[PDB]
Amino acid sequence: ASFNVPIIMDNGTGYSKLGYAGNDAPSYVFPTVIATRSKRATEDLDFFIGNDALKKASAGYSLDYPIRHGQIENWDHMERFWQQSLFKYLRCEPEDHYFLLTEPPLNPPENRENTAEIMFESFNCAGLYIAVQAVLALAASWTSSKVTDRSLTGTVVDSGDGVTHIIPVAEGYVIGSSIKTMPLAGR
Amino acid sequence: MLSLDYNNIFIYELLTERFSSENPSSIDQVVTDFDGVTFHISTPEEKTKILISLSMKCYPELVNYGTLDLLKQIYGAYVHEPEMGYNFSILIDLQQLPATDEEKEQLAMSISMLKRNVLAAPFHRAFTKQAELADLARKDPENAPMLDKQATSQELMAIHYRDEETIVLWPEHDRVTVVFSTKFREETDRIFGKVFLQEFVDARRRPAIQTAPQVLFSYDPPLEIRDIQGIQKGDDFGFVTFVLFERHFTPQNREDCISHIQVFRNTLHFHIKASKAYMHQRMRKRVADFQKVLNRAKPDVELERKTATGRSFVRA
Amino acid sequence: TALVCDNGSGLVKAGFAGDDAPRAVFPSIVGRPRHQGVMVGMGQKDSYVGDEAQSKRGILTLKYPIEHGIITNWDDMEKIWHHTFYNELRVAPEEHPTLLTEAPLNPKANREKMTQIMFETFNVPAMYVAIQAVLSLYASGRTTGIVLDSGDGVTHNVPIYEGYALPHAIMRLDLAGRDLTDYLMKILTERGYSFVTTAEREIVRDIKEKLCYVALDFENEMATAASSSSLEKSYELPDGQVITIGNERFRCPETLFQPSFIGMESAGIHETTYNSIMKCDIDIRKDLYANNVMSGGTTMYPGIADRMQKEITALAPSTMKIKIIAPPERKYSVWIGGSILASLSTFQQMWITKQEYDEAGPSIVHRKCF
Amino acid sequence: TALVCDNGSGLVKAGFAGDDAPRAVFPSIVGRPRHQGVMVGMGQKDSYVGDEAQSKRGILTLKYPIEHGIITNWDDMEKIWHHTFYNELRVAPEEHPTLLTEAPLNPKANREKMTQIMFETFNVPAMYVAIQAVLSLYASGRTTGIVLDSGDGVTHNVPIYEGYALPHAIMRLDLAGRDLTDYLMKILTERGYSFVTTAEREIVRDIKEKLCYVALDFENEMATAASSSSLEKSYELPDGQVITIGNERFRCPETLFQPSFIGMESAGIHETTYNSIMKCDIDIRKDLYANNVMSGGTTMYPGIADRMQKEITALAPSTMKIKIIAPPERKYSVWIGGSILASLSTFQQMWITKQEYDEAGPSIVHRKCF
Amino acid sequence: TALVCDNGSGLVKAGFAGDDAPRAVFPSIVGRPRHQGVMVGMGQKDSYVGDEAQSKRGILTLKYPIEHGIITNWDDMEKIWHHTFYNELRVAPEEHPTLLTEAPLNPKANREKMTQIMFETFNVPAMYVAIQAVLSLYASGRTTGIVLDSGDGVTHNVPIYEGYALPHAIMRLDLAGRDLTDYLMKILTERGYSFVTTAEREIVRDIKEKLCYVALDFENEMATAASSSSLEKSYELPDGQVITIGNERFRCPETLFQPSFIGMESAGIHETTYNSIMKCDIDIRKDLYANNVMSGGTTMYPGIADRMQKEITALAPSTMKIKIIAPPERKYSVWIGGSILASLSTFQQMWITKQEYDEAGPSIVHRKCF
Ligand SMILES: Nc1ncnc2c1ncn2[C@@H]1O[C@H](COP(=O)(O)OP(=O)(O)O)[C@@H](O)[C@H]1O
Ligand SMILES: Nc1ncnc2c1ncn2[C@@H]1O[C@H](COP(=O)(O)OP(=O)(O)O)[C@@H](O)[C@H]1O
Ligand SMILES: Nc1ncnc2c1ncn2[C@@H]1O[C@H](COP(=O)(O)OP(=O)(O)O)[C@@H](O)[C@H]1O
Ligand SMILES: Nc1ncnc2c1ncn2[C@@H]1O[C@H](COP(=O)(O)OP(=O)(O)O)[C@@H](O)[C@H]1O
Ligand SMILES: [Mg+2]
Ligand SMILES: [Mg+2]
Ligand SMILES: [Mg+2]
Ligand SMILES: [Mg+2]
């Protein structure tokens with residue numbers, strides 16, 4: 001693998017958290033929203049995302065949330081959201097970096113397939129890990145990174161904007177038969 | 001976006017926050033940039049004091065072209081000893097800031113602009129030495145051809161600024177020429193990049209943009225760069241040449257010209273990516289046209305009336 | 001399915017997308033009692049709506065919440081919309097998308113309060129506001145034409161060529177069937193008969209709807225009525241007394257062709273139609289002349305299509321065929337075309353949705369319904 | 001002394017050669033009563049002109065005999081010229097030679113009828129018909145410049161260098177203050193205000209010239225208006241009703257820069273000014289960019305010189321100064337220029353004398369005037 | 001069989017080598033919608049090209065990618081080439097070698113970019129770029145003559161003797177059919193007809209093609225048209241309105257003989273033709289005078305060959321014959337001559353092949369073509 005820091009993108013229903021591995025916070029935390037227009041064709045260049053999309057409703061752009069109830073459902077908008085994340089905000093070259101992505105435990109095979117082709121063919125990232133999202137939230141619970149502070153067994157209740165799911169993990173293994181989801185969260 | 005920002009947006013927003021903030025919290029933030037550049041932003045001794053440090057693989061070449069002198073001129077009293085693993089560093093103390101919101105804003109801008117300031121020194125060396133050659137050629141126009149011929153080799157800067165780009169530039173009495181020895185290693189970006197580099201050179205032949213720098217392109221090197229170490233004529237590089245004439249680096253325009261030429265290959269790389277999103281919308285529009293050719297094979301039948309949730313309806 | 005609610009100035013016309021005709025059609029009226037309610041119990045109400053107001057009218061002040069195509073009273077318009085959903089269609093509005101309609105060149109706030117009440121009072125899943133003349137063109141089976149739509153409160157002309165509207169050439173005229181009813185009250189007073197109350201205004205609207213017609217040549221008809229009994233005929237009031245009228249039968253509708261009869265300074269409906277065609281680009285005018293589409297109840301007069309064709313033939317150059325399309329169902333063409341539109345599959349993507357309103361507020365209508 | 005009469009599409013400006021402002025400024029309007037004259041005596045007339053028609057306008061149908069710089073009603077234009085000479089200047093036109101004006105690219109019949117009426121009915125001893133924007137350059141004190149003239153009916157650009165006009169480079173646009181007034185009537189309807197009588201058009205004309213302005217960046221002023229109360233201003237109707245208005249203050253004038261707002265295919269006034277300079281010879285363009293002269297009432301908006309300077313700096317190459325020249329008296333500069341031209345001691349050979357008209361007829365004007 | 005295209009500045013002429021006439025002739029135009037589509041399920045397209053843009057022009061802004069024989073818009077030229085291949089001829093461009101065509105004295109970039117687009121975008125197997133005037137001698141059956149070619153965008157003279165061109169004696173004039181349409185729109189304004197839009201320009205082009213002619217002696221024809229209505233004709237607009245036309249019927253085409261009518265300092269077509277012969281070597285002139293070939297649509301005016309023989313006879317020495325060969329098919333003679341050339345057995349080694357292009361780049365065209 002490359003010696004450059006991995007790039008972390010948690011794309012939630014409400015908020016996307018963007019940053020680099022080993023920092024004391026995300027570099028960006030902004031809404032998972034895109035502002036889009038509704039003789040050369042350039043209306044796919046004219047969009048905005050995040051806090052800069054919220055500023056554009058008075059300028060006649062239609063805002064949309066391409067992730068709803070935890071799942072990506074507009075792949076045009078999620079590709080434009082990722083290109084703008086990579087080239088405006090994270091200001092990075094995908095060919096140099098490995099990426100950590102996330103989605104809910106239920107998420108369709110179709111979503112991870114669609115995610116991989118945008119990451120490897122549109123952006124051409126060096127490599128991709130699509131993480132099980134609340135399994136990462138167990139590791140954030142440690143008092144420090146040292147092995148003696150780890151608690152590899154715990155239930156994790158994750159409740160964001162779009163979905164809440166309860167994940168049992170034991171000795172670091174996810175008991176996938178026992179996942180429960182409630183379709184109700186912060187929105 | 002149609003155009004890239006020149007500055008690091010994270011450093012600009014973070015410093016615009018911390019220069020206003022009533023109660024600064026600590027930070028420890030490594031931040032990537034284009035061309036393999038990286039920053040570290042941290043509060044290493046007090047929450048009051050931010051250290052910003054730049055790491056850049058070509059910085060030793062840039063020091064040979066007068067970079068430390070320009071960075072001392074730009075950042076002044078804020079210059080600090082380099083951090084371990086970083087090439088340059090600046091310390092800003094949040095109790096030592098300028099007295100106005102507009103001086104604070106242009107300081108937050110100046111520190112976010114640091115990658116293009118470290119990389120600007122070879123361009124300022126070319127622009128200031130072109131002004132010496134211009135004055136000598138204005139003194140004796142028949143001696144000028146020999147001054148230009150020697151300055152083409154004795155005053156040439158090459159920067160191997162990433163492993164698939166060499167920027168080469170030199171002054172002559174009426175111009176600065178800069179050549180991007182340029183490549184795309186990812187195969188779909190090499191294929192789309194051939195279209196981008198071709199239409200870039202053909203654009204400059206149209207009447208609407210004759211005011212721009214002269215551009216030339218090839219894929220052997222321009223004559224005056226053929227023997228620069230690390231240029232190679234068979235190694236899949238194309239060579240985009242810009243001739244900046246005196247009007248492109250006039251005193252009202254030098255810093256915008258420098259900022260805008262350094263980002264050349266980054267705008268081309270970004271637009272080769274963004275063109276795929278355009279092709280994908282072009283494609284799925286005519287997937288929706290081909291739907292209508294299959295829909296004429298569906299025989300016409302009335303569906304039962306349904307509510308918005310899909311539950312059956314019993315009226316009409 | 002989706003509801004289609006053509007809430008016009010004089011009649012509410014309502015029903016379901018894909019139905020042949022509206023199954024709810026009633027007066028756009030709220031009535032309130034104007035007399036001493038002396039008997040206790042008796043099934044009395046604080047107010048009455050539609051056909052219930054129209055049948056009780058002898059004891060009610062009647063008022064329309066909508067005038068000149070604009071909602072003037074939102075509390076009574078909610079009362080009417082409640083009557084459409086719960087009494088007249090017998091539906092949960094939270095289960096059905098609703099296609100609403102309005103005239104062009106309305107106040108922006110009319111569209112906003114109309115979307116707000118649909119999402120916040122009636123809790124609708126989705127809604128849209130269509131221009132009434134654009135709906136009337138689907139009911140014609142046409143994708144080019146100029147639509148002259150005249151209802152109770154407003155007349156408008158919208159030219160469309162190959163599905164493109166020309167919004168600079170759209171004309172509005174705040175003269176239609178209510179102005180003709182008020183003028184019929186003013187001229188009935190000259191033959192001996194006074195109609196004064198909001199209830200008597202419904203009697204003279206019913207006289208207008210079956211005695212009145214458009215003359216092909218007004219001055220010849222006016223001279224023929226001034227010199228014979230042959231144009232005169234009669235009507236019976238609720239009270240059983242008889243009204244006889246003559247030139248009042250064609251003087252009332254002639255106000256559409258001569259707005260100066262009601263003191264207006266405007267072109268008539270024929271010349272307003274021609275002025276709209278002449279505001280369009282020169283190549284499209286031939287196909288607009290061949291496709292003059294009539295709509296709304298104020299186009300239902302006998303002889304109005306023959307008159308409209310005669311009048312436009314005098315304004316246009318003689319070198320081309322003027323054709324007026326006046327279907328017998330043109331009483332409902334806005335609703336009919338709304339039921340077409342609400343049943344198309346691309347239109348299922350054009351709705352304002354609940355989630356999308358909740359994220360954007362009532363301004364979403366201005367950036368989605370044109 | 002000669003007379004100078006600038007026959008504007010919306011205002012007559014008239015007076016005498018060698019005076020520094022017009023003596024007479026009044027509406028280019030004839031009004032006729034549209035209501036029943038029940039009262040005998042009391043100073044009535046069958047028709048009213050200029051300020052009389054403007055004061056009585058509530059009771060009149062007003063009309064302008066000028067559309068887009070062309071006289072469309074000659075009997076009303078005779079009544080305006082008669083009012084100019086006999087009522088407003090108080091002269092016998094048989095005693096004074098008259099300098100008249102018109103737009104470039106007008107019908108030849110306009111100039112023929114205008115010379116015929118002046119000799120054959122007003123008995124004028126000698127007359128001339130100048131191009132309005134050539135006169136505006138005299139008032140500016142210049143031999144070179146491109147003159148943007150925009151009045152009530154027409155906008156035109158004529159470039160002149162060292163006293164020579166380039167007739168092939170002349171641009172004309174039938175869009176000016178009447179089209180901006182009618183578009184303000186259009187977009188006031190979306191705020192809920194209906195203006196429809198030709199007298200109400202004069203109220204909207206006054207709203208336009210007291211409240212409207214040109215936005216330096218339109219899309220930023222739209223965002224500013226959508227997010228602030230600070231943009232909005234109020235106007236008192238003659239009724240004492242107060243209207244309030246916001247983005248419509250700069251959307252109305254932006255039609256000059258975006259003619260597609262009123263459904264025109266034309267380039268904006270910045271583009272037609274640049275297209276006119278780019279039709280000129282390459283050596284003269286430098287001095288035309290430095291001498292963009294603005295004239296007529298549609299150039300009187302706050303911020304129009306600044307938007308014009310910004311937009312033409314965005315078209316032109318960056319190495320030469322774009323100067324927009326916008327005099328504080330520029331609303332009269334065509335008339336000021338006519339007063340200079342009729343006062344110049346070299347001009348008295350250039351008049352058409354009645355002795356020339358008596359042998360050549362009205363076609364004399366095409367070989368005596370540009 | 002090879003393909004052959006005259007990518008003319010106003011019409012595309014396309015077809016196969018060895019055929020007698022172009023298979024496809026259509027407007028060299030792309031049209032884009034200016035209005036908004038209000039009607040759902042309509043056949044709305046992002047742009048239209050050729051006869052479909054011309055048919056729909058009332059709702060489109062129309063653009064030509066070629067101006068003065070130079071491709072100014074490469075995207076709209078690529079749309080036109082894609083339309084020639086896939087829609088009009090309906091053949092894949094990889095299958096047939098294509099003979100393209102160009103005016104002399106063009107930008108070298110125009111021919112390189114045309115070459116690069118055919119080999120890399122349309123992937124053609126081989127192509128060539130011939131001079132339009134050389135092809136007009138092949139169609140005429142000549143190997144000696146001077147060709148006056150005049151299409152929509154450019155007029156040019158090429159003298160050839162016994163198969164040798166004299167490239168120092170070649171003349172170009174950036175004045176042809178489009179400049180005569182612009183001028184007819186301008187001089188229609190002085191009779192009171194306003195044509196402004198890109199679609200009204202196509203109506204004025206049709207007026208010019210139907211009614212204009214070249215007057216054998218202009219001052220006798222001007223005196224004739226001033227004396228009586230006998231030179232006047234009528235045209236009916238798509239609106240059914242009639243326009244009548246008089247001296248502007250022949251004063252339009254006179255701009256070919258008098259370029260100063262459109263304000264440009266240059267010799268008329270007779271003097272550029274004579275100057276081209278006088279730049280040639282003295283022994284060949286005697287044969288060039290007998291072999292004046294006329295080609296392209298702007299040479300189709302009634303009387304132009306008689307005017308042209310009269311004017312060349314006044315310039316040339318009277319001791320030798322002037323003959324002008326203006327055949328009835330001359331409207332297509334460039335394409336006809338390209339079909340002859342691409343059909344010759346002795347031409348088949350002269351194509352630029354794809355394998356020969358991609359070892360040399362697009363500059364190959366400057367050494368394989370004249
Ligand atoms: N202090 C709080 N109390 C309650 N809810 C909060 C609070 N802070 C944020 N939220 C809510 O949390 C949700 C966002 O959580 P997040 O984890 O970022 O969601 P997601 O990953 O799914 O996008 C939003 O509904 C937001 O309004
Ligand atoms: N047969 C008719 N003859 C004349 N007027 C009619 C006729 N039928 C209906 N109208 C008039 O048309 C108006 C109602 O038409 P409608 O299209 O339903 O208006 P709206 O949509 O605005 O409510 C009323 O003024 C009514 O009296
Ligand atoms: N201050 C102003 N601001 C904006 N519009 C104005 C102003 N003053 C006059 N106008 C407009 O300009 C026109 C009058 O200007 P004028 O130059 O006299 O035109 P014209 O000569 O053609 O009659 C009218 O259309 C009027 O609406
Ligand atoms: N009969 C005609 N009479 C006069 N002008 C004509 C005639 N036919 C065509 N034209 C003019 O010639 C143009 C087309 O001629 P063409 O030789 O095909 O030009 P090009 O090769 O540049 O496309 C038309 O667009 C029009 O301007
Ligand atoms: Mg989440
Ligand atoms: Mg109605
Ligand atoms: Mg004027
Ligand atoms: Mg041709």
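Here is the naming used below: chain letters follow the sequence lines, and residue numbers restart at 1 for every chain. Every heavy atom of this structure was used, including side-chain atoms; hydrogens, water molecules and symmetry mates were not.
Contacts of E/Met39 with chain C are made by both backbone and side-chain atoms, with heavy-atom separations under 4.5 Å. Interface remark: C/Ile282 contributes backbone and side-chain atoms alike to the contact with chain E (heavy atom separation under 4.5 Å). Proximity to chain E is limited to the side chain of C/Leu341, based on heavy atoms less than 4.5 angstrom apart. Heavy atoms closer than 4.5 Å to chain E are found in the side chain of C/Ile160, but not in its backbone.
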Scan the chain E/chain C interface and emit each donor-acceptor pair under 3.5 angstrom with its distance.
unit_1   : atom_1 : unit_2   : atom_2 : d
E/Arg34  : NH1    : C/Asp281 : OD2    : 2.8
E/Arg34  : NH2    : C/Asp281 : OD2    : 2.7
E/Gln36  : O      : C/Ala165 : N      : 3.4
E/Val38  : N      : C/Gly163 : O      : 2.9
E/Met39  : N      : C/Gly163 : O      : 3.3
E/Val40  : N      : C/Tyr138 : OH     : 3.0
E/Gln44  : OE1    : C/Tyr164 : OH     : 2.9
E/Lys56  : NZ     : C/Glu162 : OE1    : 2.7
E/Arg57  : NE     : C/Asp283 : OD1    : 2.8
E/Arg57  : NH2    : C/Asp283 : OD1    : 2.8
E/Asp239 : OD2    : C/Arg285 : NH1    : 2.8
E/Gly240 : O      : C/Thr319 : OG1    : 2.8

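Heavy-atom pairs under 4.5 Å with chain C were tallied for E/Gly43, E/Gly41, E/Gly37; the largest tally goes to E/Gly37.
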